[PDB]
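Please read the structure below before turning to the comments.
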Amino acid sequence: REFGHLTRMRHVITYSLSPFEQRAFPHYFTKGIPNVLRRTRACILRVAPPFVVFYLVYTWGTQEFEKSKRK
Amino acid sequence: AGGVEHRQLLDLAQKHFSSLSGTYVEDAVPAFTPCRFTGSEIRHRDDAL
């Protein structure tokens, strides 16, 4: 597995620019904010509802250990 | 170049090349706008060559 022996490819062209020809920060807080609002809207409904179930079990669990004592 | 004489070449130029107008139409002058260099790269991938 070295570079000129990996795959076979035809008819694709690549254009690139030098690092000294470029700006470091073209857009940082004018695309950085709406792009993470797209990536957050895609993940939230898969990741958050299991942790809302740990919260409702922690809150009920540490409320039947207090009232077991002192009537 | 070759076997030619300059005096004869000048006379043939006056006879055949003097109907060209010598001052520009509405006398607008050319001026070369310069051309910049950019470090960069282009890659054409074709494995059947």
Side-chain angles (χ1 to χ4, degrees):
Chain A
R1 301 193 100 247
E2 64 262 17
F3 278 105
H5 275 150
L6 304 164
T7 195
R8 179 178 59 83
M9 187 155 53
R10 298 187 73 197
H11 315 132
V12 296
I13 311 183
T14 312
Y15 312 90
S16 69
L17 207 63
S18 165
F20 298 92
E21 301 286 335
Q22 302 184 53
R23 296 141 64 213
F25 297 94
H27 302 307
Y28 204 72
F29 296 96
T30 195
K31 69 101 176 181
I33 292 312
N35 202 51
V36 306
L37 266 294
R38 186 194 49 82
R39 298 161 59 193
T40 302
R41 188 172 297 125
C43 94
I44 211 78
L45 275 178
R46 290 94 185 265
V47 189
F51 295 96
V52 179
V53 161
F54 174 67
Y55 182 75
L56 297 191
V57 168
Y58 185 87
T59 300
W60 179 87
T62 322
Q63 260 193 21
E64 308 271 335
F65 195 49
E66 301 293 279
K67 80 157 62 171
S68 294
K69 304 293 188 290
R70 293 294 90 183
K71 293 184 68 65
Chain B
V4 281
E5 181 190 0
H6 186 70
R7 180 62 258 167
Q8 196 187 335
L9 183 61
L10 191 50
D11 285 351
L12 298 164
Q14 294 171 358
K15 174 199 318 184
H16 300 297
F17 283 100
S18 72
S19 58
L20 292 151
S21 57
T23 294
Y24 289 58
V25 169
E26 70 250 8
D27 65 5
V29 292
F32 70 105
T33 170
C35 286
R36 151 214 242 72
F37 187 97
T38 304
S40 50
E41 194 170 27
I42 171 172
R43 259 111 106 93
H44 193 162
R45 126 128 299 135
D46 217 287
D47 279 335
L49 312 173

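Heavy-atom basis, side chains included; hydrogens, waters and symmetry copies ignored. Numbers restart at 1 for each chain; the letters A, B, ... are given by sequence-line order, proteins then strands.
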### Task
Find out whether A:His11 and B:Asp46 are in side-chain contact, i.e. whether some heavy atom of one side chain is under 4.5 Å from a heavy atom of the other.
yes
### Task
Identify the heavy atoms of B:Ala48 and A:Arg10 that sit nearest to each other, and give their distance.
CB-NE, 3.8 Å
### Query
Roughly how far, to the nearest 0.5 Å, is CZ of A:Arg46 from CD1 of A:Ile44?
11.5 Å
### Worked verdict on A:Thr59 versus A:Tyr55 for side chain to side chain contact (heavy atoms under 4.5 Å, CB included)
CA-CA 6 Å; A:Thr59 300; A:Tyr55 182 75; 3.8 Å; yes
#### Entry: Distance-minimising heavy-atom pair for A:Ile33 and A:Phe29
CG1-O, 4.0 Å
### Query
Are more than 12 heavy atoms from other residues, nucleotides or ligands located less than 6.0 Å from atom NZ of A:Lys69?
yes
### Task
Give a yes or no on whether a salt bridge exists between B:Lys15 and B:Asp11, defined as a side-chain N under 4.0 angstrom from a carboxylate O.
no
### Query
Of B:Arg45, B:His44, B:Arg43, which is the lone residue that meets side-chain contact (heavy atoms from CB on, under 4.5 Å) with A:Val12?
B:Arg45
### Query
What is the distance from atom CG of A:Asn35 to atom OG1 of A:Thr40, rounded to the nearest 0.5 Å?
9.5 Å
### Message
Minimum heavy-atom separation for A:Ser16 and B:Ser40, please, with both atom names.
### Response
O-CB, 3.3 Å
### Message
Does atom CD (A:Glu64) have a neighbourhood of more than 12 heavy atoms from anything else shown, all under 6.0 Å?
### Response
yes
## Note on the structure
Residues B:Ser18 and B:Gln14: closest non-hydrogen pair is OG-O, 3.1 Å
### Query
Just wondering, more than 12 heavy atoms not from A:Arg41 lying within 6.0 Å of its CZ?
no
### Message
Looking at B:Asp47 and A:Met9, would you say the former's side chain and the latter's main chain have a donor-acceptor pair under 3.5 Å?
### Response
yes
### Message
Quick check against the 3.5 Å criterion: does A:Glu66 have a side-chain atom that pairs as donor or acceptor with the backbone of A:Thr62?
### Response
no
### Query
What is the ring orientation for A:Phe54 with A:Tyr58, classed by angle as parallel under 30°, tilted 30 to 60°, or perpendicular over 60°?
tilted
